[PDB]
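J.: Mind having a look at this structure? Questions to follow.
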Amino acid sequence: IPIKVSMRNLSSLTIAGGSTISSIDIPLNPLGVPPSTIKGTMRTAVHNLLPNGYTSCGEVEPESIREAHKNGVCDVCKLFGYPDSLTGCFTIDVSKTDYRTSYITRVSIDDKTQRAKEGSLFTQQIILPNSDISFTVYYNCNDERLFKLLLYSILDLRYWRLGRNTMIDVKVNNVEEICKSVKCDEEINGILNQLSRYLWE
RNA sequence: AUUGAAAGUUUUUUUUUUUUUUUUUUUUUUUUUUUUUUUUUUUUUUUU
């Protein structure tokens with residue numbers, strides 16, 4: 001079930017990728033925004049903002065993940081996949097490319113005085129705000145509670161940082177096919193309506 | 001059902017301080033309010 005999600009950053013969004021040829025203190029990924037960044041950020045938001053009636057490992061160590069999975073549910077961990085049990089649950093791909101770029105710099109003001117610290121000046125590469133990013137979340141499994149959890153994940157992504165504490169506003173450009181596919185629930189309809197438009201008009 | 005897997009390149013840092021668009025520069029120098037015009041004409045200090 002495809003989910004055509006369009007996200008537009010509300011600030012000077014940026015991520016650090018890398019390049020052998022680079023000079024900016026804060027690099028950028030050559031392709032743009034990778035699916036891994038989105039997936040990890042969404043998982044973090046879900047764990048920190050966990051909807052009622054769900055379980056989250058909230059662990060980085062795979063051994064700790066296994067220890068949490070000793071009981072063995074971790075609804076969030078099931079949605080994002082066991083380390084070595086399930087092949088997968090959902091996929092993220094980004095098609096749009098060719099973002100805008102500009103080099104800015106930042107300082108660190110002294111505390112005792114109000115002047116900039118001598119030698120605390122570093123630069124940062126950013127993506128210009130109000131730039132649209134479209135990515136599709138292909139959920140291949142067959143489960144409604146996990147699908148609702150994924151929708152809650154996307155919704156919570158709105159109230160969450162994405163790269164250098166940069167605010168974002170997620171928008172879903174498909175409600176008709178989502179309702180047509182399966183489980184056009186009233187709660188599902190309400191959350192999809194909430195995600196249908198930007199939080200900030 | 002890929003040899004096979006699951007991890008946000010993330011956190012954290014105010015491009016800030018020092019500096020009066022300031023001093024000097026007189027809206028003055030010149031030009032007669034003069035110029036032609038008669039306070040003039042008419043009238044008996046006086047009658048029954």
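Every chain in the structure tokens takes a letter, A first, then B, and so on in the order presented; its residues are numbered from 1, and the ligands are numbered from 1 following the presented order.
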May I have a table of the residues of chain B lying at most 7 Å from chain A, giving each one's closest pair of atoms and their distance in Å to one decimal, counting only C-alpha atoms (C1' of nucleotides), ordered by chain and ascending residue number, as a tab-separated table?

T.:
residue	atom	partner	partner_atom	distance
B:5	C1'	A:84	CA	4.9
B:6	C1'	A:83	CA	4.9
B:7	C1'	A:60	CA	6.8
B:8	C1'	A:37	CA	4.1
B:9	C1'	A:16	CA	5.9
B:13	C1'	A:108	CA	4.8
B:14	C1'	A:109	CA	6.6
B:15	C1'	A:107	CA	5.7
B:16	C1'	A:115	CA	4.4
B:17	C1'	A:115	CA	5.1

J.: Could you tell me how far atom CA of residue 25 of chain A lies from atom CA of residue 98 of chain A, in Å and to one decimal?

T.: 20.8 Å

J.: If you run DSSP on the backbone, which residues of chain A are alpha helix (DSSP H), as a PyMOL selection string?

T.: chain A and resi 35-48+62-68+75-80+144-158+176-181+186-196

J.: Env of segment 51-53 of chain A: 9 Å cut, atoms = only C-alpha atoms (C1' of nucleotides), seq-sep filter 5 positions within chain, self excluded. Answer as a ChimeraX atom specification.

T.: /A:46,149,152-153

J.: Find the residues near residue 26 of chain A: any atom within 7 Å, counting only C-alpha atoms (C1' of nucleotides), skip ones fewer than 3 places away on the same chain, and give them as a ChimeraX atom specification.

T.: /A:16,123-125

J.: Please produce an output containing C-alpha atoms for each residue in the selection, written as a CSV table (one decimal), in the first residue's frame.

T.:
chain,number,residue,atom,x,y,z
A,16,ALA,CA,25.6,15.9,7.0
A,123,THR,CA,30.3,27.1,8.9
A,124,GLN,CA,27.2,25.0,7.9
A,125,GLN,CA,25.7,23.9,4.6

J.: I'd like to know which residues of segment 4-125 of chain A are strand (DSSP E or B) (by DSSP, run on the backbone); could you write them as a PyMOL selection string?

T.: chain A and resi 4-9+90-94+101-106+109+116+122-125

J.: Generate the output file for the selected residues, C-alpha atoms, as a PDB file, in the first residue's frame.

T.:
ATOM      1  CA  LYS A   4       2.532   9.407  -1.280  1.00  0.00           C
ATOM      2  CA  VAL A   5       3.791  11.704   1.491  1.00  0.00           C
ATOM      3  CA  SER A   6       5.097  15.193   0.729  1.00  0.00           C
ATOM      4  CA  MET A   7       7.165  16.938   3.400  1.00  0.00           C
ATOM      5  CA  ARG A   8       8.318  20.561   3.345  1.00  0.00           C
ATOM      6  CA  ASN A   9      10.887  21.784   5.850  1.00  0.00           C
ATOM      7  CA  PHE A  90       7.883  -1.338   4.986  1.00  0.00           C
ATOM      8  CA  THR A  91      10.135   0.616   2.636  1.00  0.00           C
ATOM      9  CA  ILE A  92      10.910   4.295   2.054  1.00  0.00           C
ATOM     10  CA  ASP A  93      12.110   5.753  -1.249  1.00  0.00           C
ATOM     11  CA  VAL A  94      12.747   9.358  -2.291  1.00  0.00           C
ATOM     12  CA  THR A 101      22.234  24.949  -1.427  1.00  0.00           C
ATOM     13  CA  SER A 102      23.852  27.833   0.447  1.00  0.00           C
ATOM     14  CA  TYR A 103      26.811  28.106   2.816  1.00  0.00           C
ATOM     15  CA  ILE A 104      26.233  29.825   6.150  1.00  0.00           C
ATOM     16  CA  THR A 105      28.375  30.110   9.271  1.00  0.00           C
ATOM     17  CA  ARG A 106      27.759  30.240  13.006  1.00  0.00           C
ATOM     18  CA  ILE A 109      29.106  33.921  21.890  1.00  0.00           C
ATOM     19  CA  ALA A 116      31.807  36.069  19.995  1.00  0.00           C
ATOM     20  CA  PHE A 122      32.264  27.243  12.093  1.00  0.00           C
ATOM     21  CA  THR A 123      30.282  27.061   8.865  1.00  0.00           C
ATOM     22  CA  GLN A 124      27.218  25.039   7.919  1.00  0.00           C
ATOM     23  CA  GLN A 125      25.740  23.893   4.618  1.00  0.00           C
TER      24      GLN A 125
END

J.: Just want the 12 Å neighbourhood of residue 190 of chain A, counted on only C-alpha atoms (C1' of nucleotides), with same-chain residues fewer than 5 positions away dropped. Output as a PDB file with N, CA, C and O atoms, in the first residue's frame.

T.:
ATOM      1  N   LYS A 148      -1.970   1.417  11.537  1.00  0.00           N
ATOM      2  CA  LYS A 148      -2.342   2.556  12.368  1.00  0.00           C
ATOM      3  C   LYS A 148      -1.132   3.104  13.111  1.00  0.00           C
ATOM      4  O   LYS A 148      -0.982   4.322  13.262  1.00  0.00           O
ATOM      5  N   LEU A 151       0.785   5.166  10.682  1.00  0.00           N
ATOM      6  CA  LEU A 151       0.141   6.462  10.494  1.00  0.00           C
ATOM      7  C   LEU A 151       0.422   7.386  11.672  1.00  0.00           C
ATOM      8  O   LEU A 151       0.686   8.581  11.489  1.00  0.00           O
ATOM      9  N   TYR A 152       0.371   6.846  12.891  1.00  0.00           N
ATOM     10  CA  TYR A 152       0.729   7.635  14.063  1.00  0.00           C
ATOM     11  C   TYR A 152       2.189   8.059  14.008  1.00  0.00           C
ATOM     12  O   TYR A 152       2.545   9.148  14.465  1.00  0.00           O
ATOM     13  N   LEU A 155       2.323  10.993  11.679  1.00  0.00           N
ATOM     14  CA  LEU A 155       1.753  12.160  12.346  1.00  0.00           C
ATOM     15  C   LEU A 155       2.711  12.731  13.384  1.00  0.00           C
ATOM     16  O   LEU A 155       2.889  13.952  13.471  1.00  0.00           O
ATOM     17  N   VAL A 175      -5.736  10.444   0.198  1.00  0.00           N
ATOM     18  CA  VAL A 175      -6.679   9.985   1.206  1.00  0.00           C
ATOM     19  C   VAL A 175      -7.671   9.060   0.519  1.00  0.00           C
ATOM     20  O   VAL A 175      -8.172   8.100   1.120  1.00  0.00           O
ATOM     21  N   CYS A 179      -8.280   5.257   1.820  1.00  0.00           N
ATOM     22  CA  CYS A 179      -9.589   4.794   2.270  1.00  0.00           C
ATOM     23  C   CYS A 179     -10.121   3.675   1.385  1.00  0.00           C
ATOM     24  O   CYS A 179     -10.771   2.750   1.882  1.00  0.00           O
ATOM     25  N   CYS A 184     -11.227   1.852   6.263  1.00  0.00           N
ATOM     26  CA  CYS A 184     -11.530   3.283   6.253  1.00  0.00           C
ATOM     27  C   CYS A 184     -12.200   3.626   7.582  1.00  0.00           C
ATOM     28  O   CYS A 184     -13.365   4.023   7.653  1.00  0.00           O
ATOM     29  N   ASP A 185     -11.432   3.463   8.655  1.00  0.00           N
ATOM     30  CA  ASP A 185     -11.915   3.648  10.015  1.00  0.00           C
ATOM     31  C   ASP A 185     -12.102   5.126  10.339  1.00  0.00           C
ATOM     32  O   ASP A 185     -11.440   6.001   9.776  1.00  0.00           O
ATOM     33  N   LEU A 195      -3.497  14.810   8.964  1.00  0.00           N
ATOM     34  CA  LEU A 195      -2.269  14.816   8.181  1.00  0.00           C
ATOM     35  C   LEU A 195      -2.464  15.326   6.760  1.00  0.00           C
ATOM     36  O   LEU A 195      -1.471  15.515   6.049  1.00  0.00           O
ATOM     37  N   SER A 196      -3.706  15.549   6.330  1.00  0.00           N
ATOM     38  CA  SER A 196      -3.950  15.927   4.942  1.00  0.00           C
ATOM     39  C   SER A 196      -3.469  17.343   4.654  1.00  0.00           C
ATOM     40  O   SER A 196      -3.046  17.642   3.532  1.00  0.00           O
ATOM     41  N   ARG A 197      -3.534  18.226   5.641  1.00  0.00           N
ATOM     42  CA  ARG A 197      -3.105  19.603   5.473  1.00  0.00           C
ATOM     43  C   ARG A 197      -1.981  19.930   6.446  1.00  0.00           C
ATOM     44  O   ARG A 197      -1.789  19.255   7.462  1.00  0.00           O
TER      45      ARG A 197
END

J.: Which polymer residues have any atom within 10 Å of an atom of residue 200 of chain A, counting only C-alpha atoms (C1' of nucleotides), with same-chain residues fewer than 2 positions away left out, as a VMD selection string?

T.: chain A and resid 10 169 197 to 198

J.: Please compute the atom CA of residue 74 of chain A-atom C1' of residue 2 of chain B distance, one decimal, in Å.

T.: 26.5 Å
